[PDB]
Amino acid sequence: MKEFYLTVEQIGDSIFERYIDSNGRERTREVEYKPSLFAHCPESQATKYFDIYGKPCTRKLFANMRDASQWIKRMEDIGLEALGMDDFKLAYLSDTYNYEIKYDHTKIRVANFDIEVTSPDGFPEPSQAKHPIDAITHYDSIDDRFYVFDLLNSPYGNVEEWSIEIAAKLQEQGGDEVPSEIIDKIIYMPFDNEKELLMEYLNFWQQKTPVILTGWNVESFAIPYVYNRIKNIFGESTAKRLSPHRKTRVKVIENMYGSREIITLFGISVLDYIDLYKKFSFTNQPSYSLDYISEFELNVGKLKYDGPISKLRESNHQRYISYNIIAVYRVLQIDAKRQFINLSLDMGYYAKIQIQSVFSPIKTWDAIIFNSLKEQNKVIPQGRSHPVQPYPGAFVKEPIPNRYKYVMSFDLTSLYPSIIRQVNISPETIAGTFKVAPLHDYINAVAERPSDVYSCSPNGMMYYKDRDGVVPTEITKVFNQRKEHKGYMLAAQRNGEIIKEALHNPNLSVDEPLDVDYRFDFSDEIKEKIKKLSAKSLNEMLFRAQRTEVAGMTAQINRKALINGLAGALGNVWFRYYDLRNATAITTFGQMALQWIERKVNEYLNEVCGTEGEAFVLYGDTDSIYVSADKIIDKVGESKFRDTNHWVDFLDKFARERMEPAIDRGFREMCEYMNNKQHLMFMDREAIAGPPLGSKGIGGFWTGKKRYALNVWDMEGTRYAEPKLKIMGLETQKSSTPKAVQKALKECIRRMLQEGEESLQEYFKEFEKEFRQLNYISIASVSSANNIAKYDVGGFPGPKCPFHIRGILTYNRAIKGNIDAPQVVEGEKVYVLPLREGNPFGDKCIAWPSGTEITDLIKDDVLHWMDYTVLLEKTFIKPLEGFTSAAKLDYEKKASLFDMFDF
DNA sequence: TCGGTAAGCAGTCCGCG
DNA sequence: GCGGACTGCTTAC
Ligand SMILES: Nc1ncnc2c1ncn2[C@H]1C[C@H](O)[C@@H](COP(=O)(O)OP(=O)(O)OP(=O)(O)O)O1
Ligand SMILES: [Ca+2]
Ligand SMILES: [Ca+2]
Ligand SMILES: [Ca+2]
Ligand SMILES: [Ca+2]
């Protein structure tokens with residue numbers, strides 16, 4: 001097999017590399033790497049090295065990395081550019097792996113772990129590590145085993161051994177319901193003292209040294225706790241055994257309630273699953289407890305136990321250990337679904353970076369571009385200092401707030417990367433400038449053609465048409481991968497709907513799910529077999545289709561994110577290829593494209609409808625247009641349609657056969673106007689929206705920019721079994737909105753769009769009547785808690801103190817003296833509830849760590865003093881008022897002359 | 001050696017016979 | 001008690 005790296009580190013003048021060799025064995029080597037950098041030289045000198053602008057360079061081979069770094073400093077002081085890769089481990093990887101890396105994930109040791117620490121005096125701070133570690137579960141991907149280290153004797157209680165037999169039993173039978181599929185993979189190791197537990201764990205760690213280290217919150221809790229606990233008991237040198245190179249870095253944040261620290265373990269790639277989830281999931285959650293996320297992702301119930309966690313080991317050691325095990329497994333279950341570790345590996349090896357650098361689009365792109373240029377013997381420019389400067393972005397149309405009955409939307413494929421490719425935007429493809437006209441003049445095609453030689457953007461930039469740019473070249477490769485995966489995702493989505501349709505008429509038979517690849521549209525023969533399947537097999541197929549869809553979603557959305565990241569990186573001052581000429585060349589072109597095609601679509605639809613000057617495009621954001629299809633439906637006459645699906649089919653055909661060709665013609669003209677390298681403005685139909693035929697539903701509404709709701713029957717070629725609400729920006733979509741309020745608002749919207757005003761009024765009346773009976777957590781608002789200390793004046797709110805922070809300060813005063821009360825953590829999220837006047841908390845609101853029940857000593861007071869009236873008005877009534885006023889509907893029947901009668 | 005902009009709404013402070 | 005200038009938070013691209 002071909003070799004591939006596992007980890008790489010620079011330590012002084014040494015590169016330390018862990019890798020897999022040709023025989024598939026894990027090896028480690030220390031290399032006294034001799035790096036090269038480059039200086040511009042005169043033209044009279046024969047060289048094979050050229051910078052990206054074709055200027056000749058001389059290579060400087062250094063005896064060591066420090067010598068190379070020192071030369072950079074001298075060059076800075078002289079005032080001359082020091083070219084080449086200054087992150088020497090990237091140069092090392094590029095030199096050692098001068099080919100496309102084919103990695104074998106089965107040879108990579110992925111460790112998932114978590115620890116337990118009983119603490120009778122508050123949260124066990126990792127920086128202090130004053131309490132015994134009393135459990136570790138460490139899962140090894142190579143062994144496929146859960147190694148459980150269980151402390152039996154501790155100053156906080158002596159306990160009996162954990163029982164695997166009781167662990168496997170149902171909870172309803174007194175067991176812990178440790179999943180059956182992992183029972184046989186558990187290796188249980190009890191210890192009579194912590195010193196032997198930890199010594200054994202370190203020996204274990206030496207034998208099975210993680211390459212990828214993950215788990216939930218491991219970076220901020222498990223890792224620094226283990227490191228500091230070992231340091232306190234055995235000494236710092238022993239703690240450093242957690243690094244295969246015996247080197248660590250301790251970073252102390254300290255601000256300001258307690259000192260926290262992050263430990264860098266050289267030779268390990270830590271990918272805290274919490275950080276992977278936040279980067280790659282595209283959710284915003286009200287809480288990031290593992291219980292919350294596991295319920296969201298897997299539909300598994302909370303791990304239930306009696307009493308506080310500080311007393312769980314002593315009261316129920318059996319459950320304590322089982323829950324430690326299940327917690328580790330839950331992260332594995334989330335990854336089996338989401339496939340973020342797979343993504344990280346794919347991306348890391350593609351770029352040739354440390355795997356943990358996937359968190360940085362700048363590092364990733366620097367490495368991709370460096371490797372690309374190096375293959376051509378080109379020399380990368382030195383990074384330079386730039387002041388931060390605001391610059392213009394996308395255009396968003398101001399919509400007329402209203403109900404909109406029939407809507408069809410259209411959207412440009414991968415816009416910013418497509419602009420890069422179309423215009424040929426790269427640091428080295430700049431040909432010059434032209435004198436700009438007002439943007440409106442380009443949009444309306446009245447401005448002079450910028451150039452008949454070069455490829456242009458309406459920001460004034462010109463690019464070479466007849467040469468390749470490294471940015472377009474490399475962005476295209478990732479775009480093409482993205483496109484492949486999005487194809488698989490959409491096919492799986494379409495296949496899902498086929499299964500949902502079949503589930504309306506399931507067969508009474510004993511059968512099996514079909515052996516199919518869900519990444520491809522089902523053949524006619526598969527569809528025939530599906531119509532004969534039982535409910536049991538159909539539901540299993542639907543699960544597999546949806547898992548396939550999620551896998552494709554992960555793969556495509558994050559490749560989309562990486563390429564959009566490159567467009568944004570051009571506007572980040574720390575990017576090697578920072579250039580506002582290129583950043584604004586993209587965004588300005590986008591503004592033109594949207595407004596150009598708005599004009600073209602209005603022109604076209606007026607023409608085919610036999611009218612002039614009507615506004616068909618009601619809204620657009622960045623690269624999308626929303627077209628009112630009322631006149632199109634009315635042109636043929638609504639009475640001509642047999643059912644909803646009939647008019648949906650008609651609009652689908654209209655969009656594809658008439659509008660898209662006109663849109664294509666419009667953009668081809670824009671391309672020749674800007675004299676661009678390649679036409680890549682591909683704007684396809686996205687949503688077909690409207691009310692069910694014959695209903696009083698309003699179809700859709702806009703309240704303003706970035707705020708709308710649509711009843712969608714078809715999305716990007718997926719014809720839904722059941723209509724789906726597309727809601728953007730409204731409170732239903734915000735993590736700050738109470739859970740039960742999100743639900744009620746969405747149903748209010750569903751009724752508006754699908755059923756009409758009377759239906760809405762019926763639901764509103766019920767919700768208002770029952771509101772006070774909802775669980776307090778379901779009706780609590782959520783906020784991130786930033787800069788708490790800033791507004792903390794003797795436990796009381798200082799000037800301009802935000803509402804949620806005031807809630808936290810109220811909570812802090814309420815729990816003073818309480819030892820078991822959970823502290824609010826700076827930067828994390830809190831539930832917030834308003835309090836009625838005269839409450840014993842002494843303020844208008846209270847806030848507590850999100851995803852948790854509020855502590856028992858103040859729970860009864862909060863429930864007694866909760867302001868339901870304020871809660872309902874602020875979170876439910878006020879947003880609903882916004883929706884209905886925009887839609888010209890009432891959520892409450894207004895008084896009229898009819899009230900004089902007895903109906 | 002760490003490494004995108006546009007834009008809506010809730011809330012505080014302030015003016016306000 | 002509301003509107004206006006400002007911070008903060010959050011979402012749509
Ligand atoms: N998360 C983001 N980071 C940076 N730029 C973004 C992001 N989301 C959107 N943009 C910018 C760049 C996009 O090309 C442009 C249009 O957004 P959008 O339509 O969501 O995606 P897209 O056009 O890149 O891909 P798609 O093919 O899925 O439509 O807005
Ligand atoms: Ca735990
Ligand atoms: Ca798009
Ligand atoms: Ca059937
Ligand atoms: Ca879009």
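Below, chains carry the letters A, B, ... as their sequence lines are ordered, and counting in each starts from 1.
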Counting just side-chain N and O atoms, does A/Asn786 come under 4.0 Å of either OP1 or OP2 of C/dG8? no
Classify A/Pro392 by what it touches in the nucleic acid, base, sugar-phosphate, or nothing, heavy-atom distance under 4.0 Å. sugar-phosphate
Whole angstroms only, please: what is the CD-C1' distance between A/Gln285 and C/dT10? 14 Å
Of the candidate nucleotides C/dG8, B/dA7, B/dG3, which contains the atom at the shortest distance from the side chain of A/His804? C/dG8
When we call it a touch if two heavy atoms are under 4.0 Å apart, what does A/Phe575 touch: a base, just sugar-phosphate, or nothing? nothing
When you check the phosphate oxygens OP1 and OP2 of B/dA7, does a side-chain N or O of A/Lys705 lie under 4.0 Å from one of them? yes
Which one, B/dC13, C/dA12, B/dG4, comes nearest to the side chain of A/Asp621? C/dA12
Any side-chain N or O of A/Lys790 below 4.0 angstrom from OP1/OP2 of C/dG8? yes
Only pairs at least two apart or in different chains count here, so list each salt bridge (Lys or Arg N to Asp or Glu O under 4.0 Å) that has a residue in residues 801-811 of chain A. A/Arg806-A/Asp843
Atom CH2 of A/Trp365 and atom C1' of B/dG3 are separated, to the nearest Å, by 17 Å
Quick one: label A/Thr587 by what it contacts on the DNA or RNA (base, sugar-phosphate, nothing), any heavy atom closer than 4.0 Å. nothing
What is the distance, rounded to the nearest whole Å, between atom CZ of A/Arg806 and atom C1' of B/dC13? 12 Å
Are A/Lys363 and B/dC2 close enough that a side-chain N or O sits under 4.0 Å from OP1 or OP2? yes
Side chain proximity check, A/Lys790 to A/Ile805, heavy atoms < 4.5 angstrom: no
Would you kindly give the CD-to-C1' distance between A/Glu398 and B/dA6, to the nearest whole Å? 12 Å
When the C1'-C2'-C3'-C4' sign is the only test used, does the sugar of B/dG4 come out north or south? north
Contact class for A/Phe88 (heavy atom, under 4.0 Å): base, sugar-phosphate, or nothing? nothing
Have A/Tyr227 and A/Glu261 got a donor and an acceptor in their side chains that come within less than 3.5 Å? no
Separation of A/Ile586 atom CD1 from B/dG4 atom P, in whole Å? 13 Å
Please determine whether a side-chain nitrogen or oxygen atom of A/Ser735 lies at a distance below 4.0 Å from atom OP1 or OP2 of C/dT11. yes
Would you say A/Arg707 reaches B/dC9's phosphate, i.e. side-chain N/O to OP1/OP2 under 4.0 Å? yes
Look at A/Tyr791 and C/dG8 and indicate whether a side-chain polar atom (N or O) is within less than 4.0 Å of OP1 or OP2. yes
Can you see if the side chain of A/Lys734 gets near the phosphate of C/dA12 - specifically, an N or O under 4.0 Å from OP1 or OP2? no
If we only count heavy atoms from C-beta on, is the A/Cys801 to A/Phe796 side-chain gap below 4.5 Å? no
Under a 3.5 Å cutoff, is there a donor and acceptor pairing between the side chains of A/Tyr708 and A/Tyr404? no
Has A/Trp574 got its ring stacked on B/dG3, by the test of a centre gap below 5.5 Å and a plane angle below 30°? yes
Nearest heavy atom decides the nucleotide; on that basis, is A/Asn572 or A/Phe803 closer to the 5' end of DNA chain B? A/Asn572
Remember a base hit wins even if backbone is also touched, and classify A/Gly571 as base, sugar-phosphate or nothing at under 4.0 Å, heavy atoms. sugar-phosphate
Here's a test of your reading of the structure: between A/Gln10 and A/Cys801, which maps to the more 5' nucleotide of DNA chain B? A/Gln10
Pairing donors with acceptors under 3.5 angstrom, does anything connect the side chains of A/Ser418 and A/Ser414? no
Candidate nucleotides C/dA12, C/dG8, C/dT10, ranked by approach to the side chain of A/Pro802 - the nearest: C/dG8
Could you give the CD1-to-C1' distance, from A/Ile805 to C/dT7, as a whole number of Å? 12 Å
Atom-pair distance (CG on A/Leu730; P on B/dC9), nearest Å: 9 Å
With a 4.0 Å cut-off on heavy atoms, is A/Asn284 in touch with a base, just the backbone sugar-phosphate, or nothing at all? sugar-phosphate
For A/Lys844, which contact category applies under a 4.0 Å heavy-atom criterion: base, sugar-phosphate, or nothing? sugar-phosphate
Less than 3.5 Å apart, which donor and acceptor atoms pair up between the side chains of residues 388-398 of chain A and the rest of the protein, not counting sequence neighbours?
unit_1, atom_1, unit_2, atom_2, d
A/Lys397, NZ, A/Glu598, OE2, 3.0

Taking only N and O in the side chain of A/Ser736, is any of them less than 4.0 Å away from OP1 or OP2 of B/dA10? no
If a positive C1'-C2'-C3'-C4' torsion means north (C3'-endo side) and a negative one means south (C2'-endo side), where does C/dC6 fall? north
Length of the line joining A/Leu594:CG and B/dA6:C1', which is rounded to integer Å: 13 Å
